[PDB]
């Protein structure tokens, strides 16, 4: 009987579920030994690690440090970004720097430092193979979260609740990937594996923008062929969609068309912007067409963003029990609970993919996490 049932088991340990893990810690401090919340998180990766694909070593963050794992839920937290700076002695230098936006690498080390303090909360290298329901009076009292190590042994994690923050996955029509057709996230692990070349960047958003620039880079004498404030007050009021349920960068804008202009002016165009079918990759690149030009090159990157993992497999039996919309997409409650019915007594909660897609995110990770934890504690008693 080494596995009694936990209050919560979370699947995945990226930021989203780390943010939650933090609130479980801060909650346990305020409450006594009788109201502790017992949370375990399971990460398939052997160690904590956000995205390896966009580590452009001197990019600044598109988002303000205030959107860290914790602050929008609790601004007095030992695990805010400012708090991490204080422990590495950089708070003053950062406060003086008079910016909202640090480098993408400080957030990575911040994530690593948060994930490090909360290391007891997680088993890494454990891949969840299913959430199977534990039934009594035709009621699912709790779940056996089943996990597999990298050496094959299977484990059981009883939990009244399950939280899904498995992260997301590359994407609408194009459904293939070889040795010469990459996704925007593959660019670093592959640039470091190709060594005058030719590229093509289908895409949208800053994702596709960032490749056209680095394909230039301190790098290529070759060809590369491309194919803030609106949400500062579209957020507006702290009310959101509770009255109704009752992708550009000005600096990169100019930097790239500058390159095209200056290259038009001086003739030596490393760049070629394009505006407006099948692909036939042989060994000499690819024979993909556009409405018509069966353009060919060496490699062809994209940027149609990311999408949340589909949980049906993981749900197994329970997938059937979940309310759907008119398309069979999963409905989601206001407290981020999958809609299962009174048949199912515990909850299955969602961070991550909830509604949206396409964003290389953290917009509300902190507050959603705490709202979930309070939903879990409320359901445990008055």
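Numbering follows the first chain given and starts at 1.
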query: Between residue 300 and residue 301 - deposited residues without coordinates, as a size class; finding: none
query: Extent of unmodelled deposited sequence, residue 292 relative to residue 291; finding: 4 to 9
query: Mean temperature factor over C-alpha atoms, higher-scoring stretch between 258 to 266 and 279 to 287; finding: 279 to 287
query: Average Cα temperature factor in the PDB entry - higher stretch of 328 to 336, 52 to 60; finding: 52 to 60
query: From 156, 309, 116, 176, residue of greatest CA B-factor; finding: 176
query: Member of 248, 146, 139, 122 with the greatest C-alpha B factor (per the PDB record); finding: 248
query: Entry-reported Cα temperature factor of residue 67, expressed as the chain third it lands in; finding: lowest
query: B-factor third for the C-alpha atom of residue 152 within its chain; finding: lowest
query: For residue 43, the third of its chain into which the C-alpha B factor falls; finding: lowest
query: Among modelled residues of the same chain, the CA temperature factor third for residue 217; finding: highest
query: Among modelled residues of the same chain, the CA temperature factor third for residue 238; finding: highest
